[PDB]
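Read the structure below first, then the notes.
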Amino acid sequence: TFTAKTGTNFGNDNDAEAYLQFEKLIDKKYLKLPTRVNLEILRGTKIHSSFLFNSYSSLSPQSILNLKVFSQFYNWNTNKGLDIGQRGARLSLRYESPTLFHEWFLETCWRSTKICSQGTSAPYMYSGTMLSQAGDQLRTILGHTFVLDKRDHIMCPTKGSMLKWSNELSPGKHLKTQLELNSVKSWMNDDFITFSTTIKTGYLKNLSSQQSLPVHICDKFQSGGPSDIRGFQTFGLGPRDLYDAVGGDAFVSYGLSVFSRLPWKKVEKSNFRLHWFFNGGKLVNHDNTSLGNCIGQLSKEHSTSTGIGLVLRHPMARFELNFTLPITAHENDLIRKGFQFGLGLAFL
Amino acid sequence: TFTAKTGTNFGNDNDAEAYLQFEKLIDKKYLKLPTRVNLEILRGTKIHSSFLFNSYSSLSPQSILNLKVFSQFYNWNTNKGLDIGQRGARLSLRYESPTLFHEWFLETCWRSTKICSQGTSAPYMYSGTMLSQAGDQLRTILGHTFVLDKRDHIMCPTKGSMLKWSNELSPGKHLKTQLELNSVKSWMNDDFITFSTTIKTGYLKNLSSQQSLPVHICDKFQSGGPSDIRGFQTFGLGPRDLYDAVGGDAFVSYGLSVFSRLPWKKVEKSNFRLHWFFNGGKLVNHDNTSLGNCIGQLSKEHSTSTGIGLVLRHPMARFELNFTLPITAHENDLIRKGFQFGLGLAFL
Amino acid sequence: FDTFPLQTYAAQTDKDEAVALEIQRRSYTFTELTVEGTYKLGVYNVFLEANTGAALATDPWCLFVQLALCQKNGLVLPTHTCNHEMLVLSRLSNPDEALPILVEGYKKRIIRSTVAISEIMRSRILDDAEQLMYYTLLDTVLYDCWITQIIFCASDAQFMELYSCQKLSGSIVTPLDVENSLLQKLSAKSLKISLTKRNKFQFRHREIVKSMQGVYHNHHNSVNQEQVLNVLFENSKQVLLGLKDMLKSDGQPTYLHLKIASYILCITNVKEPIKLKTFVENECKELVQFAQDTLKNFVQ
Amino acid sequence: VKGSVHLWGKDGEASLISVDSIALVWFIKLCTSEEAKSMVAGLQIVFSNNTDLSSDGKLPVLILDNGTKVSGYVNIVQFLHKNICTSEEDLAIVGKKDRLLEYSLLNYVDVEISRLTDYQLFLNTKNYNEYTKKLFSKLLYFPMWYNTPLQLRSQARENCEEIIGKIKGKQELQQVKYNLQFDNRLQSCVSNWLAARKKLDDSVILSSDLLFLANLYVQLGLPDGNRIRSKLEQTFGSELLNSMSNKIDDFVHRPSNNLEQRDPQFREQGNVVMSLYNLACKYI
């Protein structure tokens, strides 16, 4: 009924947010629907401060409103990078064994953008693109997210597929579309050899009146990292201005992985698997005229990598210790070959 | 028998202390005494990396050996501060309703000390004292710790006292002595008004041959903070070189607190108490000649504070939301008046 | 083994065209070589000089460095092939949060901040001690009046016209303009707070900067705030009435003559009747004429 | 002009934590000519010792009996030179042809040289504990003995952060470094002021003279004042440092007959009552 709790949500680049959450299950004489407020204080190496009020409220047997009022400061694009002020509200309606849910939201957000790169480090975050991303902006964004997770485990999958289709419309500014598929197959009687494909594609159209009002660097697509195409640093792929990953307006990022259960007699009941993968993808700044020239550059010049490793699959995390070599790369990519620790929840 | 567990343990100054621990209760055909190994991986905002092997082994009905092999990197003295490399071993023997235990240990430790303060911030961590603390050192330290916790709760105390007396001898280098008392009294039939006194005193003698071999900054006494004398920042009291708390060789830190059960009809079964406190103390760099001149400067020029607040007492944490004003302060102290969030387990 | 990237590609030279359209509508290129030898001056905003027709920066420090860059290199001011352009930036393009910066070079790219530029500008007049006295007086007394007249006496629309890189249309007609006028209400205070940390304004005027941080505007502060602003203004008139007796250049304009001219050109750009604008237009007509005679050294 | 001037000292002597209040006792002392007295006749000086009567929180304040508070030495003096009705042996009034160089020299000491004296009274550890912390016990009232200088070294470390920022052998390596960052800063600021002071007149004391001399009176009069006097003699010679100390010795050995003072009443003094009330009006 109060339940002050703790934990870690395990962030984008091997990173981790330590959080502290309060809660109150509310009686039925302010409301009549089951309401569940929250208050999250988050802590991390990237986060400066993060307050996150929540208000979940079951409208139906299959309906959950979620008024999320947030005010978060966090750092971004790690060499020294940018720290993002981000405050606003978000009213999300989520609608409903294959897991199936739609989730429409609506989010107002005043967003600040410091370049905290401390210019003694000379050419980093001081390109012409990043110098124009600095400043304040206010943005309403409409959204939709459909998930058709048919897998039998979102922890240690063995069968099933997945389909994550998330559209985001900032009216008059941009329209972000993103697709994500997954497919897990197994071939032996112990679920021994686990084949796993992941393909993620996305498109970002500028709906802004003769190509004014550019899309912010935090909304563009980024590629590379351990929770992405392994073998490169985070924000390591795509086009650059000077040395800064300025993101792309369209991308594809495929993946293949085999898990082989660590064939020793004592330890073959555990979550340790032998991991060979093959990742790769492309991140382009398209011209907004044709979907045919968007696909045309999205299949010509890819940055791929394979690599052998070991993977542990815990409840809240998937620990990956890969040795990775990039087969094919672009020129201006940020290579991370050799050993690489992977940690998080979303790998592709 | 394996029991992989994890945590986060929120502290004070916004950290994380994220830990993940493995375990193995060992059968009786490597040993004959009940042995219980561990392996702790810790991450936090302060911790860079922290591996901590443990080996508990019950020798008797009242005896526990503890071979603790550690290798930890963590940051210290937060403005930017120092990051401490710290690796070694620790063999501790712990000997045995009033809680009573002695605990003698013996710890070898090679300790590194970077000044990571990144000198663009000009006068911080770059005093003459901190510039000489940088470097490597190896140190054996013998120890002893006696606890006579007579309280009925170390979670929500209402009666009883406590006595924590911990000596540490680095042979030929220093001798650290530290005392800590506690006294909880209650006056009403609901355990309503909870009087609570805490007094902590300590002494650090330099046993090192005509005052060579100075005591390291991580072994000196520090004062101030929310888990200490409230109303000041952490490492906010004591003498300074430029602006850096260079610690003290002797201290006293008293405390007084009242808890008043939040007199509302519905909520008077909870852990929310109304907290008025009065903290204060002194931190000196004594001369090693007399214990009379050590006490003489330890009672003349104190930095005290009172303040009203609200306190929640959870199982693993005590959440404190105080409004604090410093009554008496030194000149070079780091004042934190106004609102202050308190979080942790050890308050005084 | 350092041979393992088997195919090493080209550098993926496709760029976002909408981003380079705002690096073009914020750049004001200085008319008279390479790409590693040309710098980009960052400014808060820009205004069209009504008499001459030149893009001048709206801040007296951003305009003074702009005129000092024209004199040092023999440039012409931009009208409102790798030249020395100006650049309307945000304060948040810095950890310092103070915009008169210099983005020098392309590959080996040096950033000289406002504290770093002020040391360069002050060191060129350290030879004459008397000219350093006046230069410190405009940087302290005349500066602190201008900052208080524009943060407290001018409205939110007049501060954000001069000190914000946000866009303006004038008329609320579209739903984009409602949202753009809620940025000018939300983010007005944070740009004011950031401006008070530029010339140690936060250290000379610690108690009126402290009242800017607070909500609901405690009533005892506002009576004391009018006392400091009136003392700063009556000091500023004695500066401005004393400047008129030495505006005689025997050659190129000195770094003090560009310093005076950058204050008169930005005070007379204020559309609202602040007391500095009413003073320099009615009582200091000899200063307004001087601030156009020195502007005509850097135009065509 | 009719009003009451509030200062920092006690019992007719201005406090040495303020180079401005020492200069303002010397200002009214040397206002003896007919034009110089008419702007100061009507000023009852108060050693009130509370900054809650200020508009800046800074206590050389001129309150003017109509709600007009002018705070600081440079703001008060330029306010007093302005309110002359206008119908050499002492402080002389600067003519209109030189009113800008006198305000530029007054402003230079206030932002460049008086910054360096707040380094010496507050950020010098020898000079602080041996002299300066022994002062606020006598000036202020009993519970507010400690919070008031607590901000005054925060305010001194922020103001001087850009210029001067086996353990005992490294602590001397940092203090020799910071005695060179100061003595290259003080060598330049005094040379810049003295090369511009020669333009006005090398015969007549002025208002900017009394702020530079009161900065030399505090810096040479502190416990660490003997090596600063030794380093100023190394570059400026011995004739100028004695000539600028003979003028200092004149202004402290000056009779206070022109100075008509008063005790601070019970809306002044910063009591327990008269600072809990100024805390309530500041919030309510």
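Following the order of the structure tokens, chains are lettered A, B, ..., residues in each are numbered from 1, and ligands are numbered from 1.
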Shell around residue 163 (chain C) at 12 Å using only C-alpha atoms, local window under 3 positions removed, as an MDAnalysis selection string: (chainID A and resid 135) or (chainID C and resid 43:47 57:62 88:91 98:100 147 150:151 156:160 166:167 184 187:195 266 270)
Exercise answer, chain D residues close to chain B, 9 Å and only C-alpha atoms, as a PyMOL selection string: chain D and resi 123+125+133+143-147+149-151+153-154+161-162+164-175
Could the residues in this selection be written to a file with N, CA and C atoms, as an mmCIF file, in the first residue's frame?
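File produced: out-v4.cif:
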data_model
loop_
_atom_site.group_PDB
_atom_site.id
_atom_site.type_symbol
_atom_site.label_atom_id
_atom_site.label_comp_id
_atom_site.auth_asym_id
_atom_site.auth_seq_id
_atom_site.Cartn_x
_atom_site.Cartn_y
_atom_site.Cartn_z
ATOM 1 N N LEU D 123 40.852 34.956 2.549
ATOM 2 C CA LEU D 123 41.358 33.723 1.965
ATOM 3 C C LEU D 123 42.793 33.416 2.354
ATOM 4 N N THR D 125 45.054 32.194 5.136
ATOM 5 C CA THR D 125 44.761 31.431 6.344
ATOM 6 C C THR D 125 45.515 31.961 7.558
ATOM 7 N N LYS D 133 38.884 36.482 12.204
ATOM 8 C CA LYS D 133 37.782 35.831 12.908
ATOM 9 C C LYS D 133 37.610 36.330 14.337
ATOM 10 N N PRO D 143 24.044 35.460 18.836
ATOM 11 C CA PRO D 143 23.884 34.209 18.079
ATOM 12 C C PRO D 143 24.394 34.324 16.652
ATOM 13 N N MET D 144 24.362 35.533 16.102
ATOM 14 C CA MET D 144 24.790 35.777 14.726
ATOM 15 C C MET D 144 26.256 36.208 14.682
ATOM 16 N N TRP D 145 27.104 35.409 15.322
ATOM 17 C CA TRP D 145 28.540 35.647 15.303
ATOM 18 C C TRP D 145 29.237 34.917 14.170
ATOM 19 N N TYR D 146 28.584 33.909 13.596
ATOM 20 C CA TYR D 146 29.254 32.939 12.749
ATOM 21 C C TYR D 146 28.704 32.849 11.337
ATOM 22 N N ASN D 147 27.406 33.079 11.133
ATOM 23 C CA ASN D 147 26.827 32.940 9.802
ATOM 24 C C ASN D 147 27.189 34.101 8.887
ATOM 25 N N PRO D 149 30.292 36.031 8.712
ATOM 26 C CA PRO D 149 31.527 35.841 7.937
ATOM 27 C C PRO D 149 31.521 34.585 7.090
ATOM 28 N N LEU D 150 30.603 33.641 7.344
ATOM 29 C CA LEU D 150 30.527 32.404 6.564
ATOM 30 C C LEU D 150 30.257 32.680 5.094
ATOM 31 N N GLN D 151 29.402 33.657 4.808
ATOM 32 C CA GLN D 151 29.194 34.052 3.426
ATOM 33 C C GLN D 151 30.343 34.910 2.911
ATOM 34 N N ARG D 153 33.541 34.632 3.070
ATOM 35 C CA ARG D 153 34.627 33.910 2.414
ATOM 36 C C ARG D 153 34.158 33.113 1.216
ATOM 37 N N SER D 154 32.887 32.709 1.203
ATOM 38 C CA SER D 154 32.264 32.286 -0.043
ATOM 39 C C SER D 154 32.312 33.414 -1.059
ATOM 40 N N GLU D 161 38.492 33.718 -7.743
ATOM 41 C CA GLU D 161 38.711 32.361 -8.227
ATOM 42 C C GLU D 161 39.504 32.313 -9.523
ATOM 43 N N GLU D 162 39.584 33.418 -10.256
ATOM 44 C CA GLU D 162 40.173 33.409 -11.585
ATOM 45 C C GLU D 162 41.630 33.842 -11.606
ATOM 46 N N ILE D 164 44.030 33.839 -8.211
ATOM 47 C CA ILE D 164 44.843 33.073 -7.265
ATOM 48 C C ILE D 164 43.984 31.892 -6.805
ATOM 49 N N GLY D 165 43.125 31.404 -7.691
ATOM 50 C CA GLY D 165 42.338 30.220 -7.396
ATOM 51 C C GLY D 165 41.138 30.440 -6.489
ATOM 52 N N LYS D 166 56.129 14.988 4.922
ATOM 53 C CA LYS D 166 56.345 15.344 3.526
ATOM 54 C C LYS D 166 55.206 16.211 2.999
ATOM 55 N N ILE D 167 54.147 16.339 3.801
ATOM 56 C CA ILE D 167 53.044 17.224 3.444
ATOM 57 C C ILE D 167 53.469 18.680 3.585
ATOM 58 N N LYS D 168 54.302 18.978 4.588
ATOM 59 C CA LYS D 168 54.747 20.345 4.838
ATOM 60 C C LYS D 168 55.694 20.865 3.763
ATOM 61 N N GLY D 169 56.314 19.979 2.981
ATOM 62 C CA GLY D 169 57.146 20.432 1.883
ATOM 63 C C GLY D 169 56.355 20.717 0.628
ATOM 64 N N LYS D 170 55.146 20.159 0.523
ATOM 65 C CA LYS D 170 54.294 20.438 -0.626
ATOM 66 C C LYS D 170 53.354 21.602 -0.342
ATOM 67 N N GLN D 171 52.988 21.802 0.929
ATOM 68 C CA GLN D 171 52.206 22.972 1.317
ATOM 69 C C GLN D 171 52.987 24.265 1.131
ATOM 70 N N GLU D 172 54.317 24.204 1.209
ATOM 71 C CA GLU D 172 55.122 25.374 0.883
ATOM 72 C C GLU D 172 55.283 25.537 -0.622
ATOM 73 N N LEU D 173 55.140 24.453 -1.386
ATOM 74 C CA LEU D 173 55.199 24.568 -2.838
ATOM 75 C C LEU D 173 53.938 25.206 -3.401
ATOM 76 N N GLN D 174 52.816 25.095 -2.687
ATOM 77 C CA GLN D 174 51.579 25.720 -3.140
ATOM 78 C C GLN D 174 51.454 27.154 -2.652
ATOM 79 N N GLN D 175 51.978 27.457 -1.465
ATOM 80 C CA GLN D 175 51.869 28.809 -0.937
ATOM 81 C C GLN D 175 52.878 29.753 -1.573
#
Nearby residues (only C-alpha atoms) at most 7 Å from residue 39 (chain C), same-chain spacing under 4 positions excluded, as a ChimeraX atom specification: /C:84-85,102-105
With N, CA, C and O atoms retained, could you export that selection as an mmCIF file, in the first residue's frame?
data_model
loop_
_atom_site.group_PDB
_atom_site.id
_atom_site.type_symbol
_atom_site.label_atom_id
_atom_site.label_comp_id
_atom_site.auth_asym_id
_atom_site.auth_seq_id
_atom_site.Cartn_x
_atom_site.Cartn_y
_atom_site.Cartn_z
ATOM 1 N N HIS C 84 34.281 34.297 -42.930
ATOM 2 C CA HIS C 84 34.497 34.369 -41.484
ATOM 3 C C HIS C 84 33.207 34.524 -40.692
ATOM 4 O O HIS C 84 33.196 35.301 -39.740
ATOM 5 N N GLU C 85 32.155 33.775 -41.041
ATOM 6 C CA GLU C 85 30.757 34.109 -40.751
ATOM 7 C C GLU C 85 30.444 34.298 -39.269
ATOM 8 O O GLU C 85 31.171 33.843 -38.386
ATOM 9 N N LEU C 102 34.108 31.951 -30.100
ATOM 10 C CA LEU C 102 34.808 31.940 -31.379
ATOM 11 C C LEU C 102 35.108 30.495 -31.742
ATOM 12 O O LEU C 102 35.920 29.842 -31.081
ATOM 13 N N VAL C 103 34.450 29.998 -32.780
ATOM 14 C CA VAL C 103 34.600 28.618 -33.230
ATOM 15 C C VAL C 103 35.611 28.650 -34.370
ATOM 16 O O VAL C 103 35.257 28.751 -35.541
ATOM 17 N N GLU C 104 36.893 28.551 -34.026
ATOM 18 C CA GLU C 104 37.969 28.696 -34.997
ATOM 19 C C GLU C 104 38.376 27.340 -35.554
ATOM 20 O O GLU C 104 38.700 26.430 -34.791
ATOM 21 N N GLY C 105 38.379 27.216 -36.880
ATOM 22 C CA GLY C 105 38.877 26.029 -37.542
ATOM 23 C C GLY C 105 37.807 24.985 -37.806
ATOM 24 O O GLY C 105 36.673 25.060 -37.326
#
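Taking the backbone of this structure through DSSP, the residues of region 236-271 of chain A that come out as strand (DSSP E) are residues 250, 251, 252, 253, 254, 255, 256, 257, 258 and 259 of chain A.
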Go ahead and write the selection's residues with N, CA and C atoms as a tab-separated table (two decimals), in the first residue's frame.
chain	number	residue	atom	x	y	z
A	250	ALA	N	16.83	7.44	-41.52
A	250	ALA	CA	16.31	6.12	-41.83
A	250	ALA	C	17.40	5.10	-41.50
A	251	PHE	N	16.98	3.90	-41.11
A	251	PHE	CA	17.96	2.88	-40.77
A	251	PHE	C	17.37	1.49	-40.95
A	252	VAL	N	18.28	0.52	-41.03
A	252	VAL	CA	17.98	-0.90	-40.90
A	252	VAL	C	19.10	-1.49	-40.05
A	253	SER	N	18.77	-2.45	-39.19
A	253	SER	CA	19.78	-3.06	-38.33
A	253	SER	C	19.38	-4.50	-38.08
A	254	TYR	N	19.97	-5.42	-38.83
A	254	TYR	CA	19.66	-6.83	-38.71
A	254	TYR	C	20.56	-7.48	-37.67
A	255	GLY	N	20.35	-8.77	-37.44
A	255	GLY	CA	21.12	-9.50	-36.46
A	255	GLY	C	20.83	-10.98	-36.50
A	256	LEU	N	21.82	-11.78	-36.14
A	256	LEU	CA	21.69	-13.23	-36.09
A	256	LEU	C	22.49	-13.71	-34.90
A	257	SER	N	22.00	-14.73	-34.20
A	257	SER	CA	22.68	-15.20	-33.01
A	257	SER	C	22.39	-16.68	-32.80
A	258	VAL	N	23.40	-17.41	-32.33
A	258	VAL	CA	23.28	-18.82	-31.97
A	258	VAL	C	23.71	-18.96	-30.52
A	259	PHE	N	23.00	-19.81	-29.78
A	259	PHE	CA	23.30	-20.10	-28.38
A	259	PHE	C	23.44	-21.61	-28.23
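The protein and nucleic acid residues lying at most 10 Å from residue 56 (chain D) are residues 204, 205, 206, 207, 208, 224, 225, 227 and 228 of chain C; 51, 61, 69, 70, 71 and 72 of chain D, with only C-alpha atoms considered and sequence neighbours fewer than 5 positions away removed.
Taking CA of residue 36 (chain A) and CA of residue 68 (chain A) as the two end points, the separation is 11.8 Å.
The residue that comes closest to chain B, out of A:199, A:148, A:317, A:325 and on the basis of only C-alpha atoms, is A:317.
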Contacts of residue 249 (chain B) within 9 Å, only C-alpha atoms, excl. fewer than 6 positions in-chain, as a PyMOL selection string: chain B and resi 176+202-206+215+220-221+283-287
Writing out the chosen residues with N, CA and C atoms as a compact mmCIF listing (two decimals), in the first residue's frame:
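This is the output file out_0.txt:
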# COMPACT_ATOMS: atom_id res chain seq x y z
N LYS B 176 44.22 3.90 15.14
CA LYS B 176 42.93 4.57 15.10
C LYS B 176 42.00 3.95 16.13
N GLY B 202 36.47 9.84 18.74
CA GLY B 202 37.54 9.07 18.13
C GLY B 202 38.88 9.75 18.26
N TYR B 203 39.92 8.93 18.19
CA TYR B 203 41.29 9.38 18.36
C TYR B 203 42.18 8.64 17.38
N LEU B 204 43.14 9.34 16.79
CA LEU B 204 44.04 8.77 15.79
C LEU B 204 45.46 9.21 16.11
N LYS B 205 46.27 8.29 16.63
CA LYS B 205 47.64 8.58 17.02
C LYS B 205 48.60 8.15 15.92
N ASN B 206 49.63 8.96 15.68
CA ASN B 206 50.66 8.67 14.68
C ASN B 206 51.84 8.00 15.38
N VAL B 215 49.48 9.94 8.06
CA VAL B 215 48.28 9.14 7.91
C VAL B 215 47.55 9.59 6.65
N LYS B 220 41.86 9.28 7.92
CA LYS B 220 41.56 10.33 8.89
C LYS B 220 40.06 10.45 9.10
N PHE B 221 39.69 11.09 10.20
CA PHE B 221 38.28 11.25 10.54
C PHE B 221 37.67 12.38 9.73
N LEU B 283 36.15 18.61 14.94
CA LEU B 283 37.12 17.77 14.25
C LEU B 283 38.46 18.50 14.22
N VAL B 284 39.45 17.98 14.96
CA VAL B 284 40.70 18.68 15.18
C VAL B 284 41.88 17.89 14.62
N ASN B 285 42.94 18.62 14.30
CA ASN B 285 44.25 18.05 14.00
C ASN B 285 45.11 18.30 15.23
N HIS B 286 45.15 17.34 16.15
CA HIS B 286 45.85 17.55 17.41
C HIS B 286 47.35 17.39 17.23
N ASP B 287 48.09 17.81 18.26
CA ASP B 287 49.49 17.44 18.38
C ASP B 287 49.60 16.18 19.24
Check: which chain C residues lie within 6 Å of chain A using only C-alpha atoms, as an NGL selection string: :C and (5-12 or 14-16 or 18-19 or 90 or 92-95 or 109-111)
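Picture a line from CA of residue 81 (chain B) to CA of residue 45 (chain A); it runs 14.9 Å.
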For the interface of chain C with chain D (cut-off 7 Å, counting only C-alpha atoms), please tabulate each contacting residue of chain C alongside its nearest pair of atoms and their separation in Å to one decimal, rows sorted by chain and increasing number, as CSV.
residue,atom,partner,partner_atom,distance
C:129,CA,D:192,CA,5.1
C:130,CA,D:196,CA,5.0
C:133,CA,D:104,CA,5.2
C:134,CA,D:104,CA,5.7
C:136,CA,D:108,CA,6.9
C:137,CA,D:104,CA,5.6
C:203,CA,D:159,CA,6.6
C:207,CA,D:56,CA,6.1
C:218,CA,D:283,CA,5.8
C:219,CA,D:282,CA,7.0
C:220,CA,D:282,CA,5.0
C:221,CA,D:282,CA,6.8
C:224,CA,D:55,CA,5.0
C:227,CA,D:69,CA,6.2
C:228,CA,D:55,CA,6.7
C:231,CA,D:70,CA,6.7
C:239,CA,D:100,CA,6.7
C:242,CA,D:100,CA,5.6
Suppose we keep N, CA, C and O atoms; can you now write the selection as a CSV table (one decimal), in the first residue's frame?
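Written file, part12.csv:
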chain,number,residue,atom,x,y,z
C,129,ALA,N,47.2,52.7,-19.5
C,129,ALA,CA,46.5,52.4,-18.3
C,129,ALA,C,45.2,53.2,-18.2
C,129,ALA,O,44.3,52.8,-17.6
C,130,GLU,N,45.2,54.4,-18.9
C,130,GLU,CA,44.0,55.3,-18.8
C,130,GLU,C,42.9,54.7,-19.6
C,130,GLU,O,41.7,54.8,-19.2
C,133,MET,N,41.1,52.0,-17.7
C,133,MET,CA,40.2,52.6,-16.7
C,133,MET,C,38.8,52.8,-17.3
C,133,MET,O,37.8,52.4,-16.6
C,134,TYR,N,38.7,53.4,-18.4
C,134,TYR,CA,37.4,53.6,-19.1
C,134,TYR,C,36.8,52.3,-19.5
C,134,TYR,O,35.6,52.1,-19.4
C,136,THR,N,37.2,49.3,-18.2
C,136,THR,CA,36.7,48.6,-17.0
C,136,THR,C,35.4,49.3,-16.5
C,136,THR,O,34.5,48.6,-16.0
C,137,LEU,N,35.2,50.6,-16.8
C,137,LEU,CA,34.1,51.3,-16.3
C,137,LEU,C,32.8,51.0,-17.2
C,137,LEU,O,31.7,50.9,-16.6
C,203,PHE,N,28.3,38.2,-8.9
C,203,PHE,CA,29.2,38.5,-7.8
C,203,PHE,C,29.2,39.9,-7.4
C,203,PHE,O,29.6,40.2,-6.3
C,207,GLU,N,22.5,40.0,-4.5
C,207,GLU,CA,21.2,39.9,-3.9
C,207,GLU,C,20.0,40.1,-4.8
C,207,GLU,O,18.9,39.7,-4.5
C,218,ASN,N,9.3,37.8,-3.4
C,218,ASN,CA,9.2,38.4,-2.1
C,218,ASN,C,9.2,39.9,-2.0
C,218,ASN,O,10.1,40.5,-2.7
C,219,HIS,N,8.3,40.5,-1.3
C,219,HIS,CA,7.9,41.9,-1.5
C,219,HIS,C,9.0,42.9,-1.0
C,219,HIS,O,9.1,44.0,-1.5
C,220,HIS,N,9.7,42.5,0.0
C,220,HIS,CA,10.8,43.3,0.5
C,220,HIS,C,12.0,43.4,-0.4
C,220,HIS,O,12.7,44.5,-0.5
C,221,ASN,N,12.2,42.4,-1.3
C,221,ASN,CA,13.2,42.4,-2.2
C,221,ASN,C,13.0,43.4,-3.3
C,221,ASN,O,13.9,44.1,-3.8
C,224,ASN,N,14.0,47.0,-2.4
C,224,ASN,CA,15.4,47.1,-2.4
C,224,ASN,C,16.0,47.0,-3.8
C,224,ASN,O,17.1,47.5,-4.1
C,227,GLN,N,16.1,50.2,-5.6
C,227,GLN,CA,17.2,51.1,-5.1
C,227,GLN,C,18.5,50.9,-5.8
C,227,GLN,O,19.2,51.8,-6.2
C,228,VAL,N,18.8,49.6,-6.1
C,228,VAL,CA,20.1,49.3,-6.8
C,228,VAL,C,20.0,49.6,-8.2
C,228,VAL,O,21.0,50.1,-8.8
C,231,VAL,N,20.3,53.4,-8.5
C,231,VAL,CA,21.7,53.8,-8.3
C,231,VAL,C,22.6,53.4,-9.5
C,231,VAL,O,23.5,54.2,-9.9
C,239,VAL,N,28.3,58.2,-16.5
C,239,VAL,CA,29.2,57.6,-17.4
C,239,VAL,C,28.9,58.1,-18.8
C,239,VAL,O,29.8,58.5,-19.6
C,242,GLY,N,29.7,61.7,-19.5
C,242,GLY,CA,31.2,62.0,-19.4
C,242,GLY,C,31.9,61.4,-20.6
C,242,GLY,O,33.0,61.8,-21.0
Residues of chain B within 10 Å of chain A, counting only C-alpha atoms, as a PyMOL selection string: chain B and resi 4+6-10+14-19+43-46+120+314-317+319
